[PDB]
Amino acid sequence: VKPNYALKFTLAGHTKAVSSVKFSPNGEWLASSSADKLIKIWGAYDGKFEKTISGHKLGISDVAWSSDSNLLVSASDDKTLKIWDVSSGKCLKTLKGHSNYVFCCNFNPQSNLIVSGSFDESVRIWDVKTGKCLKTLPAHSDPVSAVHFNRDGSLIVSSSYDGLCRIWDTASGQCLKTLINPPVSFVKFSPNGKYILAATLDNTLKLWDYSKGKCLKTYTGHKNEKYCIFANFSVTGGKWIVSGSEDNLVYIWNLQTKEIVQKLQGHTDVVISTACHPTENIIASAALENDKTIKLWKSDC
Ligand SMILES: O=C(O)c1ccc2c(c1)nnn2C1CCCCC1
């Protein structure tokens, strides 16, 4: 059982490296962020360019959607996050408090909170409605590379170049577990909240059992020794792990067997980010400056 992702559209418009692509929860849009200081919105199905959202003073590392698909949050080298109304393109709030680049961001499922991680080694939890910081967690001893809420919002997982992943109780800010030293470049909870997928800068993805603090699966064969490359759980068809790679390919693994099931050829630079559509077997991928495009791919399974 293998997927058959094939290229459907190639999207161009950003003028510097893309950093992150994300499909809206309602499936209608793809958002992209870039070192060019811009967010772009594209039709998720035909790639049609929709709008540019602008206001950050420096490049953007990440963007994330609210559960109702109406809001975006972005994390910027200007040391702020911004909350955006997607329909109007307007900045609703600027979240100030980090003392260096903000690298990662996510809403909780309820979408009343945002979590951020920064070069400043902290994780912050913000109130969406007021735009004020509720908690600053002294989370890591090196830049924070990823932050993600679990399925009900009760926990946050963070990762850092310090080699650690940490699980935090959202309401209290207490660290409930540290997974233990290669730099960790990405982390997220599995859909059921019981596992955690982590990328490290030694060409390795790992699936950890949260309750046991133990690694259950590793996924290798790709190249990842430099860039923050996200990894995804693909769940609409076959159960895969999806990731970009520094050899210009999208890698897709069987989650259970760890075997590579497809390598998507087409980009001409590092595939820095990938995202999986919430209902269709559709992948978005973005590549670095020799390539300059976002590609949309479709599989029958
Ligand atoms: O939906 C999810 O979050 C999810 C999480 C882990 C899953 C899964 C679905 N299907 N199989 N596995 C195994 C991974 C390897 C260890 C035993 C479980």
# chains A, B, ... in the order shown; residues from 1 in each chain; ligands from 1
$ residues_around --residues "residue 110 of chain A" --least-positions-apart "2" --cutoff "10 Å" --atoms "only C-alpha atoms" --output "ChimeraX atom specification"
/A:66-68,107-108,112-114,151-153
$ closest_atom_pairs --of "chain A" --to "ligand 1" --cutoff "10 Å" --atoms "only C-alpha atoms and all ligand atoms" --output "JSON lines"
{"residue": "A:151", "atom": "CA", "partner": "ligand 1", "partner_atom_place_in_ligand_line": "3 (O)", "distance": 9.4}
{"residue": "A:189", "atom": "CA", "partner": "ligand 1", "partner_atom_place_in_ligand_line": "3 (O)", "distance": 7.5}
{"residue": "A:190", "atom": "CA", "partner": "ligand 1", "partner_atom_place_in_ligand_line": "3 (O)", "distance": 4.0}
{"residue": "A:191", "atom": "CA", "partner": "ligand 1", "partner_atom_place_in_ligand_line": "3 (O)", "distance": 3.8}
{"residue": "A:192", "atom": "CA", "partner": "ligand 1", "partner_atom_place_in_ligand_line": "3 (O)", "distance": 3.6}
{"residue": "A:193", "atom": "CA", "partner": "ligand 1", "partner_atom_place_in_ligand_line": "3 (O)", "distance": 5.8}
{"residue": "A:194", "atom": "CA", "partner": "ligand 1", "partner_atom_place_in_ligand_line": "3 (O)", "distance": 6.4}
{"residue": "A:195", "atom": "CA", "partner": "ligand 1", "partner_atom_place_in_ligand_line": "5 (C)", "distance": 5.9}
{"residue": "A:196", "atom": "CA", "partner": "ligand 1", "partner_atom_place_in_ligand_line": "5 (C)", "distance": 8.6}
{"residue": "A:197", "atom": "CA", "partner": "ligand 1", "partner_atom_place_in_ligand_line": "5 (C)", "distance": 9.6}
{"residue": "A:207", "atom": "CA", "partner": "ligand 1", "partner_atom_place_in_ligand_line": "15 (C)", "distance": 7.1}
{"residue": "A:208", "atom": "CA", "partner": "ligand 1", "partner_atom_place_in_ligand_line": "16 (C)", "distance": 8.2}
{"residue": "A:209", "atom": "CA", "partner": "ligand 1", "partner_atom_place_in_ligand_line": "16 (C)", "distance": 7.4}
{"residue": "A:215", "atom": "CA", "partner": "ligand 1", "partner_atom_place_in_ligand_line": "16 (C)", "distance": 9.0}
{"residue": "A:216", "atom": "CA", "partner": "ligand 1", "partner_atom_place_in_ligand_line": "16 (C)", "distance": 5.7}
{"residue": "A:217", "atom": "CA", "partner": "ligand 1", "partner_atom_place_in_ligand_line": "15 (C)", "distance": 6.2}
{"residue": "A:218", "atom": "CA", "partner": "ligand 1", "partner_atom_place_in_ligand_line": "15 (C)", "distance": 9.7}
{"residue": "A:233", "atom": "CA", "partner": "ligand 1", "partner_atom_place_in_ligand_line": "2 (C)", "distance": 8.2}
{"residue": "A:234", "atom": "CA", "partner": "ligand 1", "partner_atom_place_in_ligand_line": "1 (O)", "distance": 9.5}
{"residue": "A:235", "atom": "CA", "partner": "ligand 1", "partner_atom_place_in_ligand_line": "1 (O)", "distance": 7.7}
{"residue": "A:239", "atom": "CA", "partner": "ligand 1", "partner_atom_place_in_ligand_line": "10 (N)", "distance": 7.2}
{"residue": "A:240", "atom": "CA", "partner": "ligand 1", "partner_atom_place_in_ligand_line": "10 (N)", "distance": 9.4}
{"residue": "A:254", "atom": "CA", "partner": "ligand 1", "partner_atom_place_in_ligand_line": "11 (N)", "distance": 9.9}
{"residue": "A:255", "atom": "CA", "partner": "ligand 1", "partner_atom_place_in_ligand_line": "14 (C)", "distance": 6.4}
{"residue": "A:256", "atom": "CA", "partner": "ligand 1", "partner_atom_place_in_ligand_line": "15 (C)", "distance": 5.5}
{"residue": "A:257", "atom": "CA", "partner": "ligand 1", "partner_atom_place_in_ligand_line": "15 (C)", "distance": 8.5}
{"residue": "A:258", "atom": "CA", "partner": "ligand 1", "partner_atom_place_in_ligand_line": "15 (C)", "distance": 9.3}
$ select_by_dssp --residues "segment 25-150 of chain A" --states "strand (DSSP E)" --output "PyMOL selection string"
chain A and resi 29-34+38-43+49-54+60-65+71-76+81-85+90-95+102-107+113-118+123-127+133-137+144-149
$ residues_around --residues "residue 278 of chain A" --least-positions-apart "3" --cutoff "10 Å" --atoms "only C-alpha atoms" --output "list in words"
residues 23, 24, 25, 26, 27, 28, 234, 235, 236, 275, 281, 282 and 283 of chain A
$ write_last_selection --atoms "C-alpha atoms" --output "PDB file, in the first residue's frame"
ATOM      1  CA  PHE A  23      -3.919  24.442   5.354  1.00  0.00           C
ATOM      2  CA  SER A  24      -6.888  26.082   7.028  1.00  0.00           C
ATOM      3  CA  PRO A  25      -8.967  23.708   9.192  1.00  0.00           C
ATOM      4  CA  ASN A  26     -11.966  24.173   6.881  1.00  0.00           C
ATOM      5  CA  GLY A  27      -9.846  23.008   3.925  1.00  0.00           C
ATOM      6  CA  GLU A  28     -10.441  26.148   1.833  1.00  0.00           C
ATOM      7  CA  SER A 234      -1.149  12.299   7.014  1.00  0.00           C
ATOM      8  CA  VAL A 235      -4.465  10.742   8.018  1.00  0.00           C
ATOM      9  CA  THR A 236      -6.971  11.291   5.192  1.00  0.00           C
ATOM     10  CA  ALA A 275       1.361  20.408   5.062  1.00  0.00           C
ATOM     11  CA  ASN A 281      -5.175  13.408   0.093  1.00  0.00           C
ATOM     12  CA  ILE A 282      -3.430  16.661  -0.816  1.00  0.00           C
ATOM     13  CA  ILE A 283       0.051  17.829   0.204  1.00  0.00           C
TER      14      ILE A 283
END
$ atom_distance --atom1 "atom CA of residue 246 of chain A" --atom2 "atom CA of residue 223 of chain A"
5.0 Å
$ atom_distance --atom1 "atom CA of residue 1 of chain A" --atom2 "atom CA of residue 243 of chain A"
18.7 Å
$ residues_around --residues "residue 37 of chain A" --least-positions-apart "2" --cutoff "7 Å" --atoms "only C-alpha atoms" --output "JSON, numbers by chain"
{"A": [34, 35, 54, 56, 57, 58, 59, 60]}
$ closest_residue --among "A:9, A:251, A:227, A:126" --to "residue 288 of chain A" --atoms "only C-alpha atoms"
A:227
$ atom_distance --atom1 "atom CA of residue 272 of chain A" --atom2 "atom CA of residue 224 of chain A"
9.8 Å
$ closest_residue --among "A:186, A:210, A:230, A:101" --to "residue 120 of chain A" --atoms "only C-alpha atoms"
A:101
$ closest_residue --among "A:279, A:116, A:245, A:150" --to "residue 75 of chain A" --atoms "only C-alpha atoms"
A:116
$ closest_residue --among "A:146, A:115, A:175, A:83" --to "residue 134 of chain A" --atoms "only C-alpha atoms"
A:115
$ residues_around --residues "residue 139 of chain A" --least-positions-apart "5" --cutoff "12 Å" --atoms "only C-alpha atoms" --output "ChimeraX atom specification"
/A:116-125,144-147,156-162,164-168,173-178
